[PDB]
Amino acid sequence: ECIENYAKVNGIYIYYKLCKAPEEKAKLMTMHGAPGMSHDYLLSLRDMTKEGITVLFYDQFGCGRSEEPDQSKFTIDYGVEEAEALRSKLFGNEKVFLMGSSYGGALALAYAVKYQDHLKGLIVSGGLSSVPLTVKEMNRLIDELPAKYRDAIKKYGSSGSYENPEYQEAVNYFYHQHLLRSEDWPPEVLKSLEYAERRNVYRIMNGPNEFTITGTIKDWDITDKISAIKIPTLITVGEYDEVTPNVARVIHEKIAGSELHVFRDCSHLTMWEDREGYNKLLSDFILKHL
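Residues numbered from 1 in each chain as written, not as in the entry; some residues may be left out. Heavy atoms only, no water. Residues with missing side-chain atoms left out of burial classes, pairs and counts.

Draft legend 1. A look at the overall build of the protein chain. A tally of helices and strands in the protein chain yields 10 helices and eight strands. Relative to its length of 290 residues, the protein chain is compact, with a C-alpha radius of gyration of 18 Å against a globular reference of 19 Å. For the protein chain, the spread of C-alpha atoms along the three principal axes comes to 55 × 40 × 40 Å. Partitioning the intrachain contacts of the protein chain with sequence separation of at least 6 by distance along the chain shows that 74% fall at a separation of at least 24. (Helix = DSSP H or I, 4+ residues; strand = E, 2+ residues; numbered from the N terminus. Rg over C-alpha atoms; globule rule 2.2 N^0.38 Å. Contact = heavy atoms within 4.5 Å.)

Draft legend 2. Quick look at the nonpolar core. By size, the foremost hydrophobic cluster in this structure holds 101 residues, and its most contacted members are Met99, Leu109, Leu122 and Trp220. Looking at this core, the element that brings in the most residues is helix α2 (residues 103–115), giving nine residues. When neighbours within four sequence positions are excluded, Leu122 is seen to be in contact with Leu98, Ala108, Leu109, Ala112, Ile229, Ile231, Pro232, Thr233, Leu234 and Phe285. (Core = buried A, V, L, I, M, F, W, Y, C linked by side-chain atoms within 4.5 Å. Buried < 20%, exposed > 50% of the residue type's maximum accessible area, 1.4 Å probe, protein only.)

Draft legend 3. Layout of the pattern of salt bridges. Considering all chains together, one arrives at 16 salt bridges under this definition. Of the charged contacts, one joins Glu23 and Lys25 as a salt bridge, the two residues approaching to 2.7 Å between their closest N and O atoms. For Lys25, a relative accessible area of 39% puts it in the partly exposed group. The structure contains a network of salt bridges with shared partners spanning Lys136, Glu137, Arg140 and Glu144. (Salt bridge = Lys/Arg side-chain N within 4 Å of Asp/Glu carboxyl O.)

Draft legend 4. Region of interest: the layout of surface pockets. Here the largest pocket defines a volume of roughly 560 Å³. Around the largest pocket, the lining is made up of 17 residues, and of these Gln168, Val171, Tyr175, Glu197 and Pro208 lie nearest the centre. Broken down by element, the lining of the largest pocket gets its largest block of residues, five residues, from helix α5 (residues 165–178). Split into classes, the residues belonging to the lining of the largest pocket amount to 10 nonpolar, four polar and three charged. Within the residue set of the lining of the second largest pocket, elements represented by two or more residues are α1 (76–91) and α2. Considering each element in turn, the lining of the second largest pocket owes the most residues, four residues, to α1. Looking at side-chain class alone, the lining of the second largest pocket contains eight nonpolar, two polar and four charged residues. (1 Å grid on protein atoms, 1.4 Å probe; cavity = no way out; pocket = protein on both sides within 12 Å on 5 of 7 lines; lining within 4 Å. Points joined across faces, edges and corners; volume = space filled by probe spheres on them. Nonpolar A, V, L, I, M, F, W, Y, C, P; charged D, E, K, R; others polar.)

Draft legend 5. Spotlight on the environment of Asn10. Among the structural elements, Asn10 can be located in the loop between β1 (3–9) and β2 (12–19). Along the primary structure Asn10 and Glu82 are separated by 72 residues, whereas in three dimensions their C-alpha atoms are 5.9 Å apart. Those residues in contact with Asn10 that lie beyond four places of it in its chain are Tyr78, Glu81, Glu82 and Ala85. Within the local environment of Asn10, its side chain forms a polar contact with the backbone oxygen of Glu81, the two atoms lying 2.8 Å apart. (Polar contact = N/O pair within 3.5 Å; in protein donor to acceptor, adjacent residues only side chain to side chain.)

Draft legend 6. How the structure looks around the pairing of β2. The element β2 is largely enclosed, with a buried count of seven among its eight residues. In this structure, β1 lies alongside β2, joined through seven bridges in antiparallel fashion. Along β2, the bridge assignment pairs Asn5 with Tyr16. Between β1 and β2, which pair antiparallel in sequence order, lie two residues; one of them, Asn10, sits at a positive phi of approximately 55 degrees. Note that β2 and strand β4 (residues 53–59) share five bridges and pair antiparallel. Residue pairing in the sheet places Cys19 in a bridge with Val55 of β4. (Pairing = 2+ DSSP bridges.)

Written out as structure tokens, the structure reads:
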């Protein structure tokens, strides 16, 4: 069991779990992202503590166990200031590594652009620098789905009938194909998904589901700013990832010296489909840049 607490960061109380390693060779901060509205689905990275890598988990504002601030603060920029306040409060002036998953990756990209001086490295897994590009790419995935499921999405989706039984069925199929492929969904994942359908941030910022984005960040795009990131960067993405490897390619091209890895047979939550290989790829990256 790691250390858990409820600290006041940037105005509201945030929950965090710091899993220290016997020998702290490095510190790693993690940022979850939709559809997973909590750190729970990222606990599989706890294994790295055996490589001398301390891992910090926490629930961002309005998510998981953390309290919800005002709606006017449901922005990526706000999330950036929150992360910096937490990092400083726990590690002071120590430079740490930052890993981001899904929309947490987009958050990690925004953070790096303004605070890269506090990072020794950046890790983006299934992340993105543009929402419009992510939505465009996810629309292609829909058309690649078998007729039955594809027609359910387009039909009931065009009228906003998200409660439709066949619509819900297609969504489940889509996720089991681009979220967590050929694998038994672990409790950690079900927990993070449950938080999404319970809180408000998801619906407000994102929308009904992954391929149906209508929230306040549907226009978010810092592709013309990530080139300013000049630190060792690792980018991972799955072959069948809901956030296509074409989206990752864009990030890989704006960030000089970045490394791109496309995991075959895997999707979005690659840390559960290839737990050993994933953790081994990240730890090796971390240990090479102390």
